[PDB]
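Residues per chain, in single letters:
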There are 2 protein chains.
Amino acid sequence: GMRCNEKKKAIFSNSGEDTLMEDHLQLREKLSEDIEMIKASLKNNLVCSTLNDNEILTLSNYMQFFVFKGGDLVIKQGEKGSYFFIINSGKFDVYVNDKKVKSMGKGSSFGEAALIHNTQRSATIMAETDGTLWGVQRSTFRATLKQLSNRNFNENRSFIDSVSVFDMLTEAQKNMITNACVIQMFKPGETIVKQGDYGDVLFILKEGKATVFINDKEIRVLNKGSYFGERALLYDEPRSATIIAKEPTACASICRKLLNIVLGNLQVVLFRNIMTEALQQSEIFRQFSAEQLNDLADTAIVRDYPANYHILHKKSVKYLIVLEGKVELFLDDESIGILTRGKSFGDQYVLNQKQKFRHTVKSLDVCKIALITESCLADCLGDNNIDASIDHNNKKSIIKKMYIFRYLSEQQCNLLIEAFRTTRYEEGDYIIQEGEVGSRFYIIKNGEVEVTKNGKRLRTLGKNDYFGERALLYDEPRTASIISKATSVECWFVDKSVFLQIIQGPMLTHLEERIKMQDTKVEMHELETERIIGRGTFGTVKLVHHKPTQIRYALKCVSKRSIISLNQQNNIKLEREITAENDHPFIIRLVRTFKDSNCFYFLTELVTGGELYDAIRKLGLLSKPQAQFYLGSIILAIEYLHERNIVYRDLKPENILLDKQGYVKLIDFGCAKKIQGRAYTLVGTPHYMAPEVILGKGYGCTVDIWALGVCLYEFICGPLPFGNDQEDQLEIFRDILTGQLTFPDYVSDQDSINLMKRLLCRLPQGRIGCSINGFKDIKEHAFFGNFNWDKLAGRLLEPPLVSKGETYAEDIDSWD
Amino acid sequence: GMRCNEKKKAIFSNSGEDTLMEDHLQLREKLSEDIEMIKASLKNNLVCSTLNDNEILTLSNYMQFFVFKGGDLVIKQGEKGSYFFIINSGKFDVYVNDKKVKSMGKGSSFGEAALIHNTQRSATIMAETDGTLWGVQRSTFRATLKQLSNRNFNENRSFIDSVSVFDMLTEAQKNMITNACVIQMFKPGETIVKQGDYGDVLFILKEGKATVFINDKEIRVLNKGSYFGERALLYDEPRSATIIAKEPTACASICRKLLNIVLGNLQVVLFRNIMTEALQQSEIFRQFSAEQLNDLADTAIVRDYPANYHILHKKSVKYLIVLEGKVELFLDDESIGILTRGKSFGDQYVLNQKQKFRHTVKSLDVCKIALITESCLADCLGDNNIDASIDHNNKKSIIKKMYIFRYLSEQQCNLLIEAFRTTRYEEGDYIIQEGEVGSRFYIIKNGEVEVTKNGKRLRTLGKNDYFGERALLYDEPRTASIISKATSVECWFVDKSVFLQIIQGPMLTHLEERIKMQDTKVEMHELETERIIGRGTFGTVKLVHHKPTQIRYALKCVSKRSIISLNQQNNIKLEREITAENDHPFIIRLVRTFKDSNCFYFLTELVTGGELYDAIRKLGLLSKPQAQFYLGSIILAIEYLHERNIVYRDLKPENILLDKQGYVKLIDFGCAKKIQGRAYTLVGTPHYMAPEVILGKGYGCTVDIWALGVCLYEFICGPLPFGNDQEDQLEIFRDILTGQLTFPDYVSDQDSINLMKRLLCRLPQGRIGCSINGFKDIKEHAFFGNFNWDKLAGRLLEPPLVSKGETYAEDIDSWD
Ligand SMILES: Nc1ncnc2c1ncn2[C@@H]1O[C@H](COP(=O)(O)OP(=O)(O)NP(=O)(O)O)[C@@H](O)[C@H]1O
Ligand SMILES: Nc1ncnc2c1ncn2[C@@H]1O[C@H](COP(=O)(O)OP(=O)(O)NP(=O)(O)O)[C@@H](O)[C@H]1O
Ligand SMILES: [Cl-]
Ligand SMILES: [Cl-]
Ligand SMILES: [Cl-]
Ligand SMILES: [Cl-]
Ligand SMILES: [Cl-]
Ligand SMILES: [Cl-]
Ligand code: NA
Ligand code: NA
């Protein structure tokens, strides 16, 4: 009887409030009177008041029946809060500080805070008689609101995808109008649209049927998926029919007024997408900015031609795009090809404005053409010298991709571009030699070069690649050779001397200090700690000193056990990702991280001007110029993150530091997330939290713009706008959701107010900065009318507060 | 606009499989065909086959509807398993190692292992067509089985509490027959009992109605709570009526056959409770053992008397108990009192068997009396010398409460008692003087004494208290004085010399070594570690050395992070409690614990003979004497724990060590729990786990007796009895639940087999050792027929294996 000599291990054991309710739970059929009472009760709830009948009915069916005897415990003070309760029968007594206060019966509600967030209870509800409770947990409640709003969104998106007039909207644009869909119920007999009405609404049947009439005579019936009113979004046209609902039926609907707010003029937007797609097939226009291309689209002459028409024959047309049909191109008598839908022609003439248009173009069928004239281009470029502007703008788009140049003012960036000189090299010429001290930066005009180090080759570089930019900031040996490996290579270049006549001290200091940070590979043992400069509860923030180079850093220490206990294993690596990739002047720059069996580490630049929380407190109520500066700065950082699909989620003055020059640095990305669709989790600081996070029906990047509203309000008015005196979170969220926004009598600037109201608009679609234009609407708001956004990023503005000496918050390797 | 200078902190973020299913979830009305398919599907499930129709219907309604499209993910390999699924429509394909295997449609089931326990998936189920799934999670499934069985139990207990014939059962006894209740459905017209039937079943109406007939003539109707058949449990009597159900109705029912198995003869048990309550009002019989009192109850002469009858008048009646009515006591012509129901008399005559009964007793009304004669007492005591036995047994019950004496053989304990001598002291006499070396142990016969140290007093001690027992084991100074603080105090005493002629080396060594352990207050810094002697994964087990005394210990180190990550904050303190209180020779003795910011610590005695797992492997198949010894030993440890309402829950040879003498020590109380009612959590080692833990309908201490069956099977037969080859847990639990128990042809002992079958009885009520007698049925089983339980606890048996030198498992301050 041989025995296994293996070893086999045992299974181990795993709310408290959720255990008690499980004892009282029973099944019950949901009568008419039950459904209507719950339905009435929820419409007085903080969260559920905005919900329509269909959504509340779904919630109702997820409620569970609970049965209690007299003198039985329901909820206790200081326990973790999970359930919300509607009393169905009997009486229930409320003990606060173990001393009776209230008495509740049928219709009454309690524990509404548990739905919003896991929260410590206030009272101890006790059962007097043999009474009963309808109840639901947080998890179930939040999950249910997620699925209702999420399915609503996805279904409406599919319907957007099957309406032909939206076919040429971009991904982002379709997602934005999906949110403008309003669901609209119809009973039998209700006319959905009437013949001859000048309606402006598109309808899409979700489920149901509807009869179509023309001049009171039935024509057909419409089934689930059918739609009507496309043309009503583009033009003022009477309805071609009377459509009447046969059975109970549900429509997803979009109105032109909301579309125009969210999207702008739909024709204008569609055409820009079409033109931008066409123009970007050319290597010339692919180097234009989106704004330039949109202006070409807005100003293009569009013409319909019959077949066999000579559209061009050797005005001042430089470029031609086929919108519809087909044309044939000819050089003298030789056809050179046929252009179909979306193809275009004219690169040669766009590049040489003085050149005689030699080709001819002949329609093969009835066609629609867009034409770009010379003056159309010049308006777009702001300059009659087309060839020079195009060249200038080619150089501009190369350097605006590099950290060193992309934040310089426009005037500085232009001067620098104009200072470029050109040299030609023979093959085998050493453009740069490893070990020598450089004074030049290079952009490749023509041909190819080879990057080498001590003989061994590293890579190859070609047209419009750049190299040697460090020579502009430091005097140091070149760490590689750049060898001309083609016939007659041409480079653009700029001398360090010219660069220093253009860039002014503060930006130069910022750049000098910043680019150095990657040079120095830091090891933990090379760091000594000077002092503590912060204390996050999670761990510590030590001010550290790198002995070899004497550069000073901040080291954030983050205990393993604090991460493990809260189930933040998933979240800490997502933070490291976001933190590592951030490369903006007003956002903290990570240097590297370190691993350890006891605690994680973030090594970041040291910021020496203290928190913004304390700066506004030194300044008092900020004037317009001071609020422009700080809000401006925050706007650029936030906009940078939204461009990368990152919602910050915790914007507040505490999370912004000031550097030595008085310019801001956003820190603390613990709440930040890469936004893949709609977010639902409840994260952030209550006073700064947007109502859509609280209401649990989906949010996006828009939440950070609401927070921006809160910040401007504190800056200009002083107190927070909602729940300024409140400790109790429930009451904070109540003021956020339903409180009145007011402004004190000492706020004398109508534009500041206008701006604060529109940033603090409760519905995201009404909120400035949340439409198709994004932050442009904010930046161009009259509040910023006198404010030079250009000089902000380029450190050319006198900031509100420059710290005398250093100031810290003192008295106040894969991660797995 | 002053600002709050507080700080406000942010809210943070918190299955994976549970997130996906939430997307596919929809509402659906449960039709007849749905309910019957689910109902059919569950009756083929490993867990749900034993469940009756009402229980399965409750499960059915908790199932949720899920809707999928073609090529959508349901379950993935290597993910954490939560749901069980019944396919309602369409086809579903099963990928193992990412390579297709099976095809499933309507009626088919998958993921049944997820219900039992959180487990890693085997396949990836994928949706081919637009098919649908009925599904339920583990949490919901386990919670639902908890509530059904728990409410069933509580309701049946209340009904037990309202049946008069059970009024005199103890708490424990009522709880045991509650489990014998069988629920029995009746339709309209079905006769529940028939007039003249010799039925043996008690019925209790839960909900419903039923008509009573005598001689075919209606008498009354019965309502919810009404019951009938009390007398059928006690006697063979025809039913007095025909009771027929009017409406659909549900009965809780107890049968005499099951009662007799669970409880024994109900009359006999009731009477013992009544007699034991009465007899214990006397200070004499309160010193008797439960067995002695039960024998007095079983043999008492019971008589009914008319009023005004002289029951006693100056046979050999020594004691008298009034069962019914009232009697008056008289000394000659003076009444000395009236004895009502449950009162008794005769202390004077019980203590002096030769004394002439001088009182007389006169019934005041019709009465029932129990009488205890002299020979009744003598049979109970095993001795004609009543006064001497009573005295002997008074001494016995004093010493059997002390560790030092309570495990000695009976013959040794008797000899020692017989060796007691008596001295008398004057007041102010120093019975013991602090600082002197003692040779005596003392029990106080009469009067009081005072414990003092250096003048300051500590406590007072009186009749039948004891002191100075350490003088029996060590030669050392007395740490306190014992001063006679009453007139003419009398002590019993025994000399060390006499004690050493009775107790033999092995027990003496055990006692010497054990009692020392409390003397030495250990501090962490006084410990140096010699080596590692174990590695639990949770942490380490170091062999440590106390420098001052040179005593050697085991130190178990338990990392904080291992506790925090698994949510074992609740459980580690419950373990420390249980571990600290254990004070049995065959269970590991804790010395103390220590706290630390990095890891918890258990300091325990060092055990040097290695695990039992390895010992049976050296021995091979154990003979009868060797299996008796180890199983015997385990039985005493387990019985000790059950007496303290502790279920061990992880009994297996790995959790038992052998000491230097070859006697066992149960270790590792991580799975152990103080059992407050029925337990539900799934804990332990699969191969040792009892079917009632697996089936999720409640368990108790009985689980450890099933495990004992597993152990005996490995000892005698060799392999495990269920799932001996299986790694896959699902298949282990399947063999436990429905597998056939077989025994190899080389097992030649019919009693061993009999025992193994009854320990491995699947239903707890059929399992030996789980009835009212507890372990007595096991200890008296013919398997143990030649085995001296007395010598086991007293270390008077040659054990199976004595280790040559030490052997470890080497190559193989409130806690918050
Ligand atoms: N690079 C830095 N330079 C200077 N001070 C810093 C730097 N990083 C962090 N600090 C300071 O350290 C504090 C704590 O850092 P932070 O990442 O916000 O921690 P936390 O866990 O989110 N808790 P909290 O203190 O409420 O913000 C900050 O508020 C700053 O005052
Ligand atoms: N007092 C002791 N004397 C000698 N060996 C001991 C002692 N305590 C523990 N050990 C050994 O250390 C091992 C680990 O202890 P244990 O408490 O069972 O840890 P665990 O976390 O449950 N894991 P496991 O090793 O599977 O049992 C035991 O199996 C013994 O071999
Ligand atoms: Cl897009
Ligand atoms: Cl036009
Ligand atoms: Cl150079
Ligand atoms: Cl009891
Ligand atoms: Cl009798
Ligand atoms: Cl003594
Ligand atoms: Na912060
Ligand atoms: Na163990």
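Residues numbered from 1 in each chain as written, not as in the entry; some residues may be left out. Chains lettered and ligands numbered in written order. Heavy atoms only, no water. Residues with missing side-chain atoms left out of burial classes, pairs and counts.

The deposited coordinates for this entry were obtained by X-ray crystallography, with a reported resolution of 2.3000 Å.

**So, the overall build of chain A**
Helix and strand content of chain A: 27 helices and 42 strands. With the C-alpha coordinates aligned to their principal axes, the bounding extent of chain A is approximately 100 × 90 × 85 Å. (Helix = DSSP H or I, 4+ residues; strand = E, 2+ residues; numbered from the N terminus.)

**Here we look at the site of ligand 2**
Residue and element names in this part refer to chain B. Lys 556, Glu 605, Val 607, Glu 611 and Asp 668 are the nearest of the 16 residues found near ligand 2. Between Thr 604 and ligand 2, the recorded distance is 3.3 Å, taken from a side-chain N or O atom to a nitrogen atom. Isolated, ligand 2 exposes 600 Å² of accessible area, and the fraction of that covered by the protein chains is 79%. Elements with a contribution of two residues or more to the shell around ligand 2: β34 (527-534), β36 (552-559) and β38 (599-605). When the residues that make up the shell around ligand 2 are grouped by side-chain class, the tally is 9 nonpolar, 3 polar and 4 charged. Two domains each put at least three residues into the shell around ligand 2: domain 5 (524-605) and domain 6 (610-794). (Near = heavy atom within 4 Å. Polar contact = N/O pair within 3.5 Å; in protein donor to acceptor, adjacent residues only side chain to side chain. Areas by Shrake-Rupley, 256 points an atom, 1.4 Å probe, with all protein chains shown as cover. Nonpolar A, V, L, I, M, F, W, Y, C, P; charged D, E, K, R; others polar. Domains from an automatic or database assignment.)

**Focus on the site of ligand 1**
Residues and elements named next belong to chain A. Residues in close proximity to ligand 1 total 16 residues, the closest being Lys 556, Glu 605, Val 607, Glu 611 and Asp 668. Residue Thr 604 places a side-chain N or O atom 3.3 Å away from a nitrogen atom belonging to ligand 1. Contact between ligand 1 and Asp 668: an oxygen atom at 2.5 Å from a side-chain N or O atom of the residue. A total of 600 Å² of accessible area belongs to ligand 1 in isolation, and the protein chains cover 79% of it.

**Some thoughts on the relation of the copies chain B and chain A**
Superposing chain B onto chain A takes a rotation of 180 degrees combined with a translation of 0.0 Å along the rotation axis, leaving an RMSD of 0.0 Å. Read as a symmetry element, the transformation amounts to a two-fold axis. (Least-squares fit on C-alpha atoms.)

**With respect to the pattern of salt bridges**
Counting across every chain of the model gives 86 salt bridges over all chains. When the shortest N-O distance is used, the salt bridge between A:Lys674 and A:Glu581 registers 3.0 Å. Within this pair, whereas A:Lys674 is found in strand β42 (residues 673-674), its partner A:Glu581 is found in helix α19 (residues 569-581), the two being separated by 93 residues in sequence. On the basis of relative accessible area, A:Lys674 is assigned to the partly exposed category, the value being 33%. B:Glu55 is paired through a salt bridge with B:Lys697; the nearest N and O atoms lie 3.1 Å apart. Look at the salt bridges and you will find they share partners, linking A:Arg157, A:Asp161, A:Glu171 and A:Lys174 into a network. (Salt bridge = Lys/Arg side-chain N within 4 Å of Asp/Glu carboxyl O. Buried < 20%, exposed > 50% of the residue type's maximum accessible area, 1.4 Å probe, protein only.)

**A closer look at the interface of chain B and chain A**
Every contact between the two is made by 60 residues of chain B and, on the other side, 60 residues of chain A. Those elements giving two or more residues to the side of chain B that touches chain A turn out to be α1 (17-24), β1 (25-26), α3 (53-62), α5 (138-161), α18 (560-565), α20 (612-619), α23 (703-716) and α24 (729-738) of chain B. Taken together, the residues of the side of chain B that touches chain A break down into 25 nonpolar, 20 polar and 15 charged. (Contact = heavy atoms within 4.5 Å.)

**So, the sheet that holds strand β16 (residues 242-245) of chain B**
Residues and elements named next belong to chain B. What the 4 strands build is an open sheet, ordered β11-β16-β13-β14; its pairing is antiparallel. One side of each edge strand has no neighbouring strand; the edge strands of this open sheet are β11 (191-193) and β14 (217-222). For this sheet, the mean angle separating the axes of adjacent strands, direction not counted, is 30 degrees. Two elements, strand β13 (residues 210-214) and β16, share 4 bridges in a ladder whose sense is antiparallel. Considered in β16, the bridge of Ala 210 is made with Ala 245. (Pairing = 2+ DSSP bridges. Axes fitted to C-alpha atoms, helices over the stretch in contact; angles between N-to-C directions.)

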